[PDB]
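If you want the building blocks of each chain, they are given just below.
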Amino acid sequence: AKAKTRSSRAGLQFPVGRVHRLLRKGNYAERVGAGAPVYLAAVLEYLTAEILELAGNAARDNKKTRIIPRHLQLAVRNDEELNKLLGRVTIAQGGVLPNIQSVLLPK
Amino acid sequence: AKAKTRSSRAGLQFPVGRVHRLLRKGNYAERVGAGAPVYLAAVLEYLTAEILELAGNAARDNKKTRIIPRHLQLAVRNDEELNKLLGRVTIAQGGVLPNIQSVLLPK
Amino acid sequence: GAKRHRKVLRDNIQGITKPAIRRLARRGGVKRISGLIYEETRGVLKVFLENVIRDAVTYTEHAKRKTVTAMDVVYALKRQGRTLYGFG
Amino acid sequence: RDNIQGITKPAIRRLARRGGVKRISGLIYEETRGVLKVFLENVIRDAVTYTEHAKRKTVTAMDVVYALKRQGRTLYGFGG
Amino acid sequence: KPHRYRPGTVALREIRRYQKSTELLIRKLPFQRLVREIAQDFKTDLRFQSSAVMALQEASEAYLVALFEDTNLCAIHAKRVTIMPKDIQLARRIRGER
Amino acid sequence: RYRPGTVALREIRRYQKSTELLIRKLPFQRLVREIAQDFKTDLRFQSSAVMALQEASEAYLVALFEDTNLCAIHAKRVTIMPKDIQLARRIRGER
Amino acid sequence: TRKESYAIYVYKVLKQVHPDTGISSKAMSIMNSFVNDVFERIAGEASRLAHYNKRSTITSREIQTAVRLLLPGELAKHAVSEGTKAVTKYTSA
Amino acid sequence: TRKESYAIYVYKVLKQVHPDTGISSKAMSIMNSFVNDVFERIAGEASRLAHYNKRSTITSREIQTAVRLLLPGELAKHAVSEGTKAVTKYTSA
Amino acid sequence: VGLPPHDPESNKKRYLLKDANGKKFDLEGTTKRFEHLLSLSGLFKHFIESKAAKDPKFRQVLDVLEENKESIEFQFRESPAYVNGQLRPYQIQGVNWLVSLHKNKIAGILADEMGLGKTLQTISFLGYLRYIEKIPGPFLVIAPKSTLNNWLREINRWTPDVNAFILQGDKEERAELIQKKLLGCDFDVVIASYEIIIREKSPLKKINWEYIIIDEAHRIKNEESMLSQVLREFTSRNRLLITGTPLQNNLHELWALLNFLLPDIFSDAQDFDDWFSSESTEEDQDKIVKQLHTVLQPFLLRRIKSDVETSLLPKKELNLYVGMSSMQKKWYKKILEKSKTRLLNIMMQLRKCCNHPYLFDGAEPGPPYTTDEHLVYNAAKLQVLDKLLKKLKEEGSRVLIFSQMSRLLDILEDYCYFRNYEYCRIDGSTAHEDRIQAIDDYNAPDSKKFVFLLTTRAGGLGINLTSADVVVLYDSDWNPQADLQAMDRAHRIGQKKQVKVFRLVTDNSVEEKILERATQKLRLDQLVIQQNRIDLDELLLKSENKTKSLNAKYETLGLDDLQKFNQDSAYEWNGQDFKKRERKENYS
DNA sequence: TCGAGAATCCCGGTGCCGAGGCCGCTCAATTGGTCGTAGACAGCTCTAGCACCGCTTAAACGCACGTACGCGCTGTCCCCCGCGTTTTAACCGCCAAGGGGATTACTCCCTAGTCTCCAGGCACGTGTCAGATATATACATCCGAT
DNA sequence: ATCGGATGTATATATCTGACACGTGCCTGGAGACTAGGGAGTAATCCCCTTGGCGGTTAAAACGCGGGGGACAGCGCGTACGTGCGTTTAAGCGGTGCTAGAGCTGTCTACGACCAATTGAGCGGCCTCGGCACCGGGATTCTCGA
Ligand SMILES: Nc1ncnc2c1ncn2[C@@H]1O[C@H](COP(=O)(O)OP(=O)(O)O)[C@@H](O)[C@H]1O
Ligand SMILES: [Mg+2]
């Protein structure tokens, strides 16, 4: 028969043979189940979709049509859950979320 | 032939066969060299001896001939680099290093 | 009179009494304590427990057990970077 | 001569502002120099160890990424 | 007149007492009730060991003691000797779990 | 002439808005090689390594200054002083 | 020389969500590193989770539990929903 | 069943350093946890080191680099010295 | 008469244990007692074949007893001369039995029926030990706190001369009592309590105890009871156990009590257990029974009221197999199948709904909360309770209600207030003075308290309720004797009118399961110890049949299957096989 | 304004209970054969890293004025502490039960491993457009005088 | 207070220019097909430990009080920091010169895995006694109004 990719059967976009290969030749355990690469690929794809959605939102909010690292880092820091997941992560060429202490403002 | 332990050949006191088995059935890698368990057992035994000596010194300072977790924490937190090694570690039934801020002492 | 509706007081977080807060404070090394440290402390303690217990229960679920055994709690604390020596 | 004095007064001032700081004491510059030096020594020591193991004599970016990861502060971007 | 210690001495005696002892400082049953009541949320019908609850109490008290030490440093840093909630918020925000 | 405290806020906006590096390049690279000179002599650096080091240094110092600023404000001030660095760094957990 | 990457897959997902938006190269590297980092986090947690139970296989249950343990809040909810959906659709075929 | 432990070996080391001393049960449990924890840290770092360099074996050099990475300052050099001693003695059987 | 006085200096040479380490196997006494044991009956060797393979010392013990292989005692068949009173014959018989055990260097559990005056037998026997055997003291006594005062009130009643005191009070007053009298050696008999005994171990070890009496012996069942552990350190010559009835639920219990009496015969459990359940096949179970009778016959003394003194309309019982009310149906389903409630440990939860659903969270509708007919409207047990309660009231019989959970007692408080009855409650949290006042007011000869509530666990104390005549019990207990003494509370010596127990029972609920288990245990006891010596009428008639069926079923079953206790899961109940997201608006 | 009083360290005797020593039994470490293959080593190429000149341009250095803020003093008052009294609820001892945690045995499905085959993905060009940058303009804000 | 002024900032427009999205060919890794074997599923067993309730001792917690010392607001002052202008020096960019340092192929060969056997090291269960806890009493000491 013709070869029909495991990704397509899953319906995902991220590879499954590649995830399978890494989980196997990565010394995580002796034997890798059949369904595990499918699950992991789906989860990685979902997280990527979230990050890119928020980042594209921010990029549009600056009249630009390309996510640059500043947009990634800004979108990540604005959200709370992504900000907690990547808490100890410094995104290179990101920057600081704009913030002024109210006490500092003139009166 | 007579059976001679690998520990004896090394001269150590921790088991090199048990460390070997744990290094193997541990999915750290798929081959474990002959001289790795020896070197590792030596390091583990050195650290044990160091912390035990400090704990025993503390015990004698407290006029005791046993070692209780309080002495273990006194030894660990009084030393400097041992304190860095066990930085995030909580020792159950330990206690606290005696310390009062200087500002709070009466005039 | 008609009395069958007995309720419970000091719900469960008020069980961390004022003097227990004071004792923990003294071991911490403080001398004077304001009046609003008690509520703030109960809040922070409750948050910490929520996180740790959530991870412990996840571990218990996975192994198909129904008893949160000690080694699960040790694993959960370790996963948060609060390694605990003394229970396995 | 005085490499850590290469961290000028205004550069520390820029960093302070990006942190959100308005007025600055005159003594902050020396302590900032000290803090930066300690951080650099830790990371560089671990990176050099990593490159020792691999027998090389150059510190590639991926080694520094590993060292930072080990310190407890990841760095997306350069690595991978 | 009766002997009455001046404000401040008894607190220092208590600090010495509790920095030299090593027992637990929160009562058992109140803490166990708190733990089970919290855990009712995530999965109904759970049962605990005893070592599990003791481990939880050890970790809890250690965490709170460390927090109070940092709180005390903050309070002293503001030219005070009294700890107030603002000190705790500052301490936790600095630590990194705001 | 701007009243004192005016230009500072505009500096803060300028820098909290941008993304570039703030420390010069060569002073930091010299510092890196000089510090590394101790652990092993005759050592080379790939440039991407120095860029990584500068990114990490920038981020560490920026977060440090935010916590310093919070400590200063907590003591009812707007000036930052060395005691603030020391307090913030000890609380954070490296003393 | 072959440096494998999640470039084309990330870009497929991006075209899926924001159809007329690009992505830079530094942004691409950051996203790839992010995918690798979260991959090793999940895989390592699943490995430890299997070893704890004296088990010698990485099933899908281990992946699900690692997802529940690392991801915070409703990221966990939506991610487990996605994984379950994909594995079901897979086995059906 | 049969719980493995380091209790006996810790006792032998203790009798070496402070011959006229004892150790309670809790302290022994703490020491056992300490040993497993340090073994786990060293072995995990050596595993990562081997993976980073495409190696497939955990040799002595991996353990030495891992112990030089974990332990701080004086501990590192003393432990390295003593491990090297033991390996030479064993290999010159 | 004929004894040295309480010269404390004289006593200190006898009370204090001079050789603080001196303690040996006592081979001679072991051999003597074990020889007499084998003399009266021969199976007792079955202990030694095992324990000798267990003991290298029992090698030579068996040897010594095996190479070899005042005829009438002082039949003290009179009211004791020194005791200032009169004794009814079986009292004297028990006294003679105690003396006879004394002579054979052993002792036995006294386990007579309650109200038979056991402590009078004990005081008489100790007085015998003093006046006749020229041994003043010391002795120790352990009792329930409630009866701490009764022991002394009767010590200073029959044999006034002897000295006794109580370690009653908190730390300072007990401590001064210790130092003054106890270590001053100014007594002959002590009276402590269970908690006291556990709390005064360090001084009370320092005395060459002659006996260790224990009122309410059955408290020593779990051989890891820290009370038992403590009592295994008090060096003594012999012991004594007093209990209304031993062998509460399990058979291992009697081995435990025997361990207390004679730890140098019953020293091992495996032999007892296997010898007992040593016939998996069921032809020799009768022989096993006769063996156990011939084993325990010497040690144990047991008496019955129903044969020592009549004048006691025996009692009678009915087990009203009531149905289930509607919301009880729905709540039973909800509990079985399914908001913090912690539904685990459900067999208690079932006992909650099966008595009254209001015990849960808001089963009664509201707020507002109102007392009205909706109480009894939908609680089957409470329905039949109201019906029978009215029938008793029109006859006018004071009623005692027992329960397991005091929350049901509070529900009954509300319901009693609803129905214009004066009730009286003595629960576990009641204060002592409140307790005595309440029981006196109920026991006033002119009392209007129709109902007297109390929990069954608290009902076993020294409280006396001979006044009433019906002792209706909501739910059967796990231990049939546990509530049997509660039922006895109203059938003690002094009650004339017939007692009319009404243990309430539900159908298809766990209540039948629990009742079956209780009946099994009661049958076990009876076998082992007996041979040693809407409309109320229609429900009554229906229930007086299935109870006959159950007692007939358990009337003759094999000992083996009697203790098997099939784990018949109650989880049937007619059939059952269980047990996007937020996005920021603008990022400008 | 030093003597009274309350907390503390030391010594001493005693009790008790947990650490350490012995003893059998089993399985996992050692011996000892074999043998595959990781990795060590020696060819290969290619390319990025190392002390000197010249030039532009801006950021760093230095300095003077003033000003507002950090620091110190004072007062005020009110919050928190030390303490004596009373209630209450841990804590230990206890009773009951059954769940479910850990163990064993057997079968089979699923997974590793081999062969075979082909197509998804990766590196190498490549064109064009999204964003940076400079300019000029409009407008928003700060600030001192009136 | 307001206003006009000056300054800095947000906005629209034209230009480029360097990176991104695209297209191709090749190859290696994933998919199809098949076999064998062992890990995990699933029954079934045992008994350890959990679950709720109750009772008594005793210390801790709750409560109210009296009073002082510290938290906070207000004032002054003087000092060190900011702002702005003028100077200068160093970063950055570019270009010279070289070579070692780090990444590909092909061949062993020693060493780590697998397998059989078999013995002894280690684990569990059972003792006994000494180190620690408990207690009582006495001298020392620090605190606090005279
Ligand atoms: N002369 C007597 N002969 C027999 N019994 C008596 C005599 N005098 C008093 N009694 C009863 O003997 C009882 C002894 O206590 P008892 O009720 O047997 O305690 P328990 O309930 O523990 O068996 C007393 O309660 C008393 O009523
Ligand atoms: Mg009695």
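The residue numbering used throughout counts from 1 along each chain in the order its sequence is written. It may not match the entry numbering, and residues with no coordinates are not shown. Chain labels run from A onward and ligand labels from 1 onward, assigned in the order the entries are written. Only hydrogens and water are removed before side-chain values are computed, so all heavy atoms of the structure are retained for them. Residues with missing side-chain atoms are left out of burial classes, side-chain pairs and their counts.

1. What to know about the overall build of chain A
Phase 1 of the analysis: Secondary structure is summarised from DSSP: a helix means a run of H or I of at least four residues, a strand means a run of E of at least two, and numbering begins at the N terminus for each. The helix and strand tally for chain A stands at five helices and three strands.
Phase 2 of the analysis: With respect to the principal axes defined by its C-alpha atoms, chain A has extents near 75 × 30 × 20 Å.

2. A look at the interface of chain B and chain H
Phase 1 of the analysis: Working rule for contacts: check all heavy atoms of both residues, and any pair within 4.5 Å makes them a contact. Taken together, the contact between chain B and chain H spans 52 residues of the former and 52 residues of the latter.
Phase 2 of the analysis: Two parts placed together each lose some accessible area; with a 1.4 Å probe, that loss summed over both constitutes the buried area. Carbon and sulfur atoms make up 72% of the area that chain B and chain H hide from each other, which totals about 4900 Å².
Phase 3 of the analysis: Area buried by chain B at its contact with chain H is led by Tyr-28, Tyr-39 and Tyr-46 of chain B, which between them contribute 16% of it.
Phase 4 of the analysis: Salt bridges, as used here, are contacts in which a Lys or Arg side-chain nitrogen is within 4 Å of a carboxyl oxygen on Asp or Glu. Where chain B meets chain H, there are two salt bridges.
Phase 5 of the analysis: With its nearest N and O atoms 3.8 Å apart, the salt bridge here joins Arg-21 of chain B to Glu-4 of chain H.
Phase 6 of the analysis: Pairing of N or O atoms within 3.5 Å defines a polar contact, subject to two protein rules: one partner must be a possible hydrogen donor and the other a possible acceptor, and residues neighboring in sequence count only if both atoms are side-chain atoms. Applying the counting rule to chain B against chain H returns 15 residue pairs in polar contact.
Phase 7 of the analysis: By residue number, the principal contributor to the side of chain B that touches chain H is helix 3 (residues 36-61) of chain B, which donates 17 residues.
Phase 8 of the analysis: Classes in brief: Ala, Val, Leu, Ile, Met, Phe, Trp, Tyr, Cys and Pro nonpolar; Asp, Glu, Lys and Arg charged; the others, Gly included, polar. Its residues placed into classes, the side of chain B that touches chain H shows 32 nonpolar, nine polar and 11 charged.
Phase 9 of the analysis: The pairing of strand 1 (residues 31-32) of chain B with strand 1 (residues 57-58) of chain H spans two bridges and is parallel. Among the inter-strand pairings, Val-32 of chain B is bridged to a residue of strand 1 of chain H, identified as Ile-58 of chain H. Strands are treated as partners if at least two bridges between them are detected by DSSP.

3. Things to note about the protein's contact with DNA strand K
Phase 1 of the analysis: The criterion for a residue being near a molecule or strand is simple. One of its heavy atoms has to lie within 4 Å of it. Among the 91 residues in the neighbourhood of DNA strand K, the closest are listed as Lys-2 of chain B, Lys-57 of chain D, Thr-82 of chain E, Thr-57 of chain G together with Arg-174 of chain I.
Phase 2 of the analysis: Within 4 Å of the protein, atoms of DNA strand K come from sugar and phosphate in 97% of cases.
Phase 3 of the analysis: Within the backbone of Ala-1 of chain A, a nitrogen or oxygen atom sits 3.4 Å from a phosphate oxygen of DNA strand K.
Phase 4 of the analysis: A class-by-class count of the residues in the surface near DNA strand K yields 23 nonpolar, 24 polar and 44 charged.

4. A closer look at the site of ligand 1
Residues and elements named next belong to chain I.
Phase 1 of the analysis: Taken together, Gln-86, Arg-88, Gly-117, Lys-118, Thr-119, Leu-120, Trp-158, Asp-215 and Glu-216 make up the full set of residues adjacent to ligand 1.
Phase 2 of the analysis: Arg-88 is positioned such that a nitrogen or oxygen atom in its side chain is 3.4 Å from a nitrogen atom of ligand 1.
Phase 3 of the analysis: One of the side-chain N or O atoms of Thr-119 is found 3.5 Å from an oxygen atom in ligand 1.
Phase 4 of the analysis: For ligand 1, whose unbound accessible area comes to 560 Å², protein coverage reaches 67%. Per-residue and other accessible areas follow the Shrake-Rupley method at a 1.4 Å probe size, with only the shown protein chains counted as cover for residues.

5. Some thoughts on the packing of helix 3 of chain B against helix 2 (residues 25-52) of chain H
Phase 1 of the analysis: A fitted line through C-alpha atoms represents every axis, and for helices the fit uses only the stretch in contact; the resulting angles, taken between N-to-C directions, go from 0 to 180 degrees. Orientation of helix 3 of chain B relative to helix 2 of chain H, taken along the N-to-C sense of each, is 140 degrees, at an axis distance of 11 Å. The orientation of helix 3 of chain B relative to helix 2 of chain H falls into the category oblique. Helix 3 of chain B and helix 2 of chain H meet at a crossing whose hand is right-handed. Between helix 3 of chain B, through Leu-40, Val-43, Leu-44, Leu-47, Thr-48, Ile-51 and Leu-52 of chain B, and helix 2 of chain H, the contact on the second element is made entirely by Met-31, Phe-34, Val-35, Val-38, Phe-39 and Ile-42 of chain H. Each angle is binned into one of four classes, with values under 35 degrees roughly parallel, values over 145 roughly antiparallel, values of 65 to 115 roughly perpendicular, and all other values oblique. Here a crossing is called left-handed whenever its near helix is offset anticlockwise from the far helix by less than a right angle, and right-handed whenever the offset is clockwise.

6. Some thoughts on the pairing of strand 9 (residues 449-455) of chain I
Residues and elements named next belong to chain I.
Phase 1 of the analysis: Type-normalised accessible area, obtained with a 1.4 Å probe on protein chains alone, sets the label of each residue: buried when under 20%, exposed when over 50%, and partly exposed for intermediate values. Burial runs high along strand 9: seven of the seven residues are buried.
Phase 2 of the analysis: Note: strand 7 (residues 399-403) against strand 9, five bridges, orientation parallel. What sits directly across from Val-399, in strand 9, is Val-451.
Phase 3 of the analysis: In the sheet, strand 8 (residues 422-425) pairs with strand 9 via four bridges, with the strands oriented parallel. By the bridge assignment for strand 9, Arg-425 is matched with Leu-453.
Phase 4 of the analysis: For the handedness criterion, the strands are oriented away from the viewer, and a crossover whose path from the first strand over the helix to the second runs clockwise is classed as right-handed. Crossover strand 8 to strand 9 through helix 20 (residues 432-443) is right-handed.

7. Concerning the nonpolar core
Residues and elements named next belong to chain I.
Phase 1 of the analysis: By convention a nonpolar core is built from buried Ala, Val, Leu, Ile, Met, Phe, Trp, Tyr and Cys residues, the set being connected through side-chain atoms within 4.5 Å. By size, the foremost hydrophobic cluster in this structure holds 103 residues, and its most contacted members are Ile-197, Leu-231, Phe-234 and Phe-266.
Phase 2 of the analysis: For this core, the element with the most residues is helix 6 (residues 118-131), which contributes seven residues.
Phase 3 of the analysis: Domain assignment of the residues forming this core places at least three in each of domain 1 (8-307) and domain 2 (316-324 + 375-564).
Phase 4 of the analysis: For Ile-197, the contacting residues outside a window of four places in its chain are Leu-140, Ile-142, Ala-192, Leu-204, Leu-227, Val-230, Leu-231 and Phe-234. What counts as a domain boundary in this text is fixed by an automatic or database domain assignment.

8. Considering the interface of chain G and chain D
Phase 1 of the analysis: Between chain G and chain D, the residue contacts involve seven residues of the former and four residues of the latter.
Phase 2 of the analysis: Summed over both sides, the interface between chain G and chain D buries roughly 490 Å², with carbon and sulfur atoms accounting for 47% of that surface.
Phase 3 of the analysis: Together, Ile-30, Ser-33 and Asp-37 of chain G form the three largest contributors to the area buried by chain G at its contact with chain D, with a combined 58%.
Phase 4 of the analysis: The tally of links from chain G across to chain D stands at one salt bridge.
Phase 5 of the analysis: A salt bridge links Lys-69 of chain D to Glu-40 of chain G; the nearest nitrogen and oxygen atoms lie 3.7 Å apart.
Phase 6 of the analysis: Run the count over chain G and chain D and you get two residue pairs in polar contact.
Phase 7 of the analysis: In the side of chain G that touches chain D, the residues fall into two nonpolar, two polar and three charged.

9. Examining helix 2 (residues 25-52) of chain G
Phase 1 of the analysis: One fewer than the residue count of a helix, multiplied by 1.5 Å, yields its expected span. For helix 2 of chain G, with 28 residues, the first-to-last C-alpha span of 40 Å sits near the 40 Å given by 1.5 Å per residue.
Phase 2 of the analysis: Trailing helix 2 of chain G by a residue or two, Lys-54 of chain G shows a phi angle of about 55 degrees, which is positive.

10. Describing the UniProt feature "domain: Core Histone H2A/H2B/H3" (unreviewed entry) in chain E
Phase 1 of the analysis: In the numbering used here, UniProt assigns the feature "domain: Core Histone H2A/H2B/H3" (unreviewed entry) to residues 7-94 of chain E.
Phase 2 of the analysis: The span residues 7-94 of chain E carries 69% helix and 5% strand; its end-to-end C-alpha distance comes to 32 Å. UniProt positions are given in the numbering used here, feature names are shortened, and annotations may be inferred rather than shown by experiment.

11. Details of the environment of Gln-248 of chain I
Residues and elements named next belong to chain I.
Phase 1 of the analysis: Within the element layout of this structure, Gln-248 appears in the loop between helix 11 (226-231) and helix 12 (252-261).
Phase 2 of the analysis: C-alpha of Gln-248 to C-alpha of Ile-106: the two residues are 142 residues apart in sequence and 24 Å apart in space.
Phase 3 of the analysis: The residues contacting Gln-248, other than those within four sequence positions of it, are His-218, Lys-221, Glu-253, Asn-479 and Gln-481.
Phase 4 of the analysis: A polar contact is formed between the side chain of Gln-248 and the side chain of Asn-479, at a distance of 3.3 Å.

12. Re helix 6 of chain I
Phase 1 of the analysis: Taking 1.5 Å per residue, 14 residues should reach 20 Å; helix 6 of chain I reaches 20 Å between its end C-alpha atoms and fits that length.
Phase 2 of the analysis: Of all 14 residues in helix 6 of chain I, 14 are buried, a share of seventy percent or more.

13. Observations concerning the protein's contact with DNA strand J
Phase 1 of the analysis: As a matter of local geometry, DNA strand J sits amid 89 residues, with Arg-22 of chain C, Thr-79 of chain F, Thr-1 of chain H together with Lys-205 and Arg-219 of chain I nearest to it.
Phase 2 of the analysis: Within 4 Å of the protein, the contacting atoms of DNA strand J are 97% sugar and phosphate, with bases supplying the remainder.
Phase 3 of the analysis: Contacts to DNA strand J include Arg-23 of chain D, whose side-chain N or O atom sits 2.7 Å from a phosphate oxygen.
Phase 4 of the analysis: Here a phosphate oxygen of DNA strand J and a backbone polar atom of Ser-25 of chain H are 2.5 Å apart.
Phase 5 of the analysis: At four residues, helix 2 (residues 28-39) of chain E tops the list of elements feeding residues into the surface near DNA strand J.
Phase 6 of the analysis: Counted by class, the surface near DNA strand J contains 25 nonpolar, 25 polar and 39 charged residues.

14. Regarding the environment of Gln-73 of chain B
Phase 1 of the analysis: As for its placement among the helices and strands, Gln-73 of chain B is situated in helix 4 (residues 69-78).
Phase 2 of the analysis: Sequence separation between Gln-73 of chain B and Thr-90 of chain B is 17 residues; the distance between their C-alpha atoms is 9.2 Å.

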